[PDB]
Every structure is written in structure tokens, then in C-alpha cells.
């Protein structure tokens, strides 16, 4: 598993570890979900999200 294919399955950002693995990570306002892949809100109103239910 690397960042080469499907962004390491990282929803936002992926960086190659030295152990031939992927460490995923998020943008500001977000935290890595217990998934270790998705990015979930870590603040009340994080950037780039629609939160008025459409």
C-alpha cells in the first residue's frame, strides 16, 4: 500500500511512510476518523462543508 494508488485511500491527503505504508491526514478544522482514512470535523464549522441540510 502506497500513495500511488487511490491516494492511499486517504480522503484528503496521503504521505508515504518509510515502513511501506500510508499515513493519511486532513486539512485544518479536520481530524483523522477512526477509519484512519476519512476526515471528520474537529471544529464547529470547518472549511469547505455545507452544513445547512439541502
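The term rigid core refers to the maximal set of C-alpha atoms that superpose within 1.5 Å between the two forms. Residue numbers count along the first chain shown, from 1.
Visitor: Out of 3-11 and 45-53, which one drifts farther from the shown form in 5 other deposited structures of this protein in terms of CA positions, with the fit done on the rigid core?
Guide: Per-stretch check in 5 other deposited structures of this protein: the more divergent one is 45-53.
Visitor: Would you say residue 31 goes unmodelled in a third or more of the other compared entries?
Guide: Per the records, residue 31 is modelled in all the other entries.
Visitor: Among the other compared PDB entries, is residue 20 dropped in a third or more?
Guide: That residue is missing from at least a third of the other compared entries.
Visitor: Higher mean Cα B-factor in the deposited model: 36-44 or 11-19?
Guide: Higher of the two, by average CA B-factor, is 11-19.
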